[PDB]
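Enquirer:
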Ligand SMILES: Cc1cc2nc3c(=O)[nH]c(=O)nc-3n(C[C@H](O)[C@H](O)[C@H](O)COP(=O)(O)O)c2cc1C
Ligand SMILES: O=[N+]([O-])c1cc([N+](=O)[O-])c(O)c([N+](=O)[O-])c1
């Protein structure tokens, strides 16, 4: 078995290939979107992971889509995240911050000034986001119709990603993961379904990938390419955002472009929680020959599926989501073939310690 063997991931070395997937838990303080000591304890409990990838973290106030999600733009956010990374490092762990802009998956009530969120085009996402009620409890509310970004606003978006990566370095993160998946802003530009622009940021695949590649170049320049990962979900449909009528060819174009930058890793979210068609081994081979860094697979994996694909030389590591919510010591349990704690989905979002830090270790 290979799941418990080391792997060099850009600038750090993971001691195993069992990674903690990015998981939105909506427990941050408002006002201020500030990480908490309870969040610090949760991440410290999981520090035996080969790599922790944080919950989605907004790059700016405009980037916020969910009440209770943290940011990485203000002094108070930087100071709170510094305590969290210090606690992970005290336990000999490694942690990446997942950075996003939600684009049209948002609501006017949590935007600056109470105004419309932004996107590639002015089309409603036709889904829900998570807000908080008068008592601070999580609630699902229909998304607000966005306005299209003006051409002259695009450099500011690139600069916000650049600044958030500068802040992540100061906060003591080991790596950053750019959120280019799941129907958020970068994916909204990538997909023809959500991008009807007639300037240089819409139409062809080269134009649709222009924004995400500008962001990759900016953050590599700010820090170093060996500190940068990216999450993509380029095959299937995710939160009403499909990948267009040429999804395989368009995915291989983007992956070839990413490879030119020499980034640390490519993280593929293979399916939505509601399911989708499995990746073919032929498509996995085409990805593998186009990218020369670490490849992480995710989406309803078991340890058995992970071992199979790692042994075949097609991926290098696996990110587990819901098994990591329920099992702080998932590495030890998989190594010893011990039974897992049962999941409690009712407490995935919002609340406090219950369903968060109260899943026991062996
Ligand atoms: C409660 C919950 C929150 C999630 N939040 C995020 C997120 O912040 N960013 C992201 O890229 N994916 C997010 N996902 C997807 C997970 O990263 C992961 O890909 C998925 O849970 C993997 O499948 P598994 O749970 O079957 O292992 C979330 C999933 C769940 C269950
Ligand atoms: O649980 N969620 O609300 C949720 C949130 C995010 N996110 O980045 O904010 C995701 O990427 C996914 N996701 O991919 O399933 C889910």
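Residue numbers (the deposited numbering): 3 to 364. Ideal Cβ positions, reconstructed from N, Cα and C, are used throughout, including at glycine.
If the criterion is Cβ atoms closer than 9 Å, does the pair residue 36 and residue 78 meet it?
Expert: Against a cut-off of 9 Å, the Cβ pair of residue 78 and residue 36 comes out as a contact.
Enquirer: Give me the DSSP bridge partner(s) of residue 181.
Expert: According to DSSP, which records beta bridges pairwise, residue 181 is partnered with 233.
Enquirer: Sorted by chain position, which residues of the same chain lie with C-beta nearer than 8 Å to residue 74's C-beta, five sequence neighbours on each side aside?
Expert: Cβ within range, chain order: 59, 60, 61, 80, 83, 99, 101, 166, 169, 170, 173.
Enquirer: Between the alpha carbons of residue 47 and residue 54, how many angstroms are there, rounded?
Expert: Roughly 11 Å between the two C-alpha positions.
Enquirer: Throw me the rounded Cβ distance for the residue 300 and residue 336 pair, which I believe falls under 8 Å.
Expert: Incorrect: roughly 16 Å between the Cβ atoms, too far for contact.
Enquirer: Contact check, residue 109 vs residue 125 under 8 Å by CB: the rounded distance?
Expert: So it is not a contact: roughly 16 Å between Cβ atoms.
Enquirer: Would you decide whether residue 188 is buried or exposed? Buried here means 16 or more other CB atoms lie within 10 Å of its CB.
Expert: Looking at its Cβ environment, which holds 16 or more other Cβ atoms inside 10 Å, residue 188 is buried.
Enquirer: May I ask whether a heavy atom of ligand 1 can be found less than 8 Å away from the beta carbon of residue 185?
Expert: Answer for residue 185: no, Cβ out of range of ligand 1.
Enquirer: Between the region 271-286 and the region 204-215, are three or more C-beta pairs nearer than 8 Å?
Expert: As far as the Cβ criterion goes, the region 271-286 does not touch the region 204-215, which means the pair count is below three.
Enquirer: Using a threshold of 9 Å, state whether the C-beta atoms of residue 176 and residue 86 are closer than that.
Expert: Taking 9 Å as the Cβ cut-off, residue 176 and residue 86 do not qualify as a contacting pair.
Enquirer: I need the straight-line Cα distance from residue 69 to residue 269, nearest angstrom please.
Expert: Computed Cα separation, rounded: 26 Å.
Enquirer: For residue 236 and residue 95, what's the separation of their Cα atoms in angstroms?
Expert: Rounded to the nearest angstrom, the two C-alpha atoms are 30 Å apart.
Enquirer: Would you say the beta carbon of residue 315 comes nearer than 8 Å to a heavy atom of ligand 2?
Expert: Not under cutoff, so the answer is no.
Enquirer: Within the same chain, show all residues whose beta-carbon is closer than 6 Å to that of residue 63, passing over the 5 residues directly before and after it, in chain order.
Expert: Around residue 63: 114.
Enquirer: What residue range does the alpha helix (DSSP H) around residue 117 cover?
Expert: Per DSSP, residue 117 belongs to no alpha helix (DSSP H) and is neither H nor E.
Enquirer: Which one of 89, 179, 5, 339 has the shortest CA to CA distance from residue 44?
Expert: Of 89, 179, 5, 339, the residue nearest in Cα terms is 89.
Enquirer: Does at least one heavy atom of ligand 2 sit under 8 Å from the Cβ of residue 351?
Expert: Under cutoff, so the answer is yes.
Enquirer: Measure the Cβ-Cβ separation of residue 266 and residue 12 and say whether it is below 9 Å.
Expert: Contact: yes.
Enquirer: To the nearest angstrom, how far is the alpha carbon of residue 357 from that of residue 303?
Expert: Going by the C-alpha atoms only, they are around 22 Å apart.
Enquirer: Whose CA, out of 260, 246, 76, 343, lies closest to the CA of residue 204?
Expert: Checking every option, the nearest Cα to that of residue 204 belongs to 246.
Enquirer: Applying the 10 Å Cβ sphere with the 16-neighbour rule, what's the burial state of residue 362?
Expert: Result: exposed.
Enquirer: Does the Cβ of residue 79 lie closer than 8 Å to at least one heavy atom of ligand 1?
Expert: No, Cβ of residue 79 sits at least 8 Å from all heavy atoms of ligand 1.
Enquirer: Could you pull the DSSP bridge partners for residue 60 from this structure?
Expert: Partner(s): 73, 102.
Enquirer: With the cut-off set at 9 Å, would you say residue 260 and residue 218 are in Cβ contact?
Expert: Their beta carbons are under 9 Å apart, which means residue 260 touches residue 218 by this criterion.
Enquirer: Does DSSP classify residue 286 as helix, strand or coil?
Expert: Helix at residue 286.
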